[PDB]
């Protein structure tokens, strides 16, 4: 708990859970925030910042686009975590520049928090985003910045909440469309739990220059398994339609943005099985094996709130 952890994008959907997990673990916790007026939702920003301060989070003033403030903030901590959210992937070039100048960073977590971008077979337009993240990995590795790539795969609040259905926010209760045959494993985890595992990884010396993968046993489910789980919960059978990959790919090419992006994301997760792969001990850590003591929220438990 001696590690001082700085969270960039602390008020984002993902970042807030990292901040809270850092506090929970007992780490001195810092959050980079701009003391200027922006278009950020004022209620969320205000509520989160007040909460952070009441918990002992130290606010460091700065902006990813203000090099001087960045270096000054980074010099005060040991670990830097770039939480996925509003921040642009490409702007991590500026963060790395600041890290190199500071010279004291013991570990950098770039804006990953998704699939392992060095292990995918996705199609455009999502393919380019994954490649952009992979390019950042190459910069980090070339620069010799100690790193950890947190590959948490599918967030429950983003994928599971609507059972990967288009134009739906909550789980469907009558009809569902399945991409492919529905027998491809997916990995789900709550945002809160991603915060917990990220901090566990941050405090674990074994994650040095490693990718940490979150594939939790009870949450490693095929779409057919997810649907069957939900059906058991609401006590009724959903009408099902299975669509071939060829038809999905055509749909992506003919759809306007961001619908094509969304479908491409689901294609990679539901058909190509981007959460399915064996790891290399020299470069990967399996969270469920390294941190078996973490009691994660199951997909079953997560869906209970919608019943």
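Positions refer to the first chain, counted from 1.
Peer 1: Mean Cα B factor from the PDB record: higher for 120 to 128, or higher for 148 to 156?
Peer 2: Taking the mean B-factor of the alpha carbons in each, 120 to 128 is higher.
Peer 1: Taking the mean of the C-alpha B-factors per stretch from the entry, tell me the winner out of 45 to 53 and 253 to 261.
Peer 2: 253 to 261 has the higher mean C-alpha B-factor.
Peer 1: Out of 75, 173, 138, 185, which residue has the highest Cα temperature factor in the PDB record?
Peer 2: Spelled out: the listed residue with the top C-alpha B-factor is 75.
Peer 1: Among 112, 225, 101, 193, which carries the highest Cα B-factor?
Peer 2: Of 112, 225, 101, 193, 101 has the highest C-alpha B-factor.
Peer 1: Looking at the entry's B-factor column for C-alpha atoms only, identify whether residue 213 ranks in the lowest, middle or highest third of its chain.
Peer 2: CA B-factor rank for residue 213: lowest third.
Peer 1: How does residue 297 rank on Cα B-factor within its chain, lowest, middle or highest third?
Peer 2: Its C-alpha B-factor belongs to the middle third of this chain's values.
Peer 1: Against its chain's modelled residues, does residue 221's Cα B factor rank lowest, middle or highest third?
Peer 2: Its C-alpha B-factor belongs to the lowest third of this chain's values.
Peer 1: Pull the Cα B-factor of residue 168 out of the PDB entry and bin it into the chain's lowest, middle or highest third.
Peer 2: According to the entry, residue 168 has a C-alpha B-factor in the chain's highest third.
Peer 1: Please place residue 268 in the lowest, middle or highest third of its chain according to the CA B-factor in the PDB entry.
Peer 2: Its C-alpha B-factor belongs to the lowest third of this chain's values.
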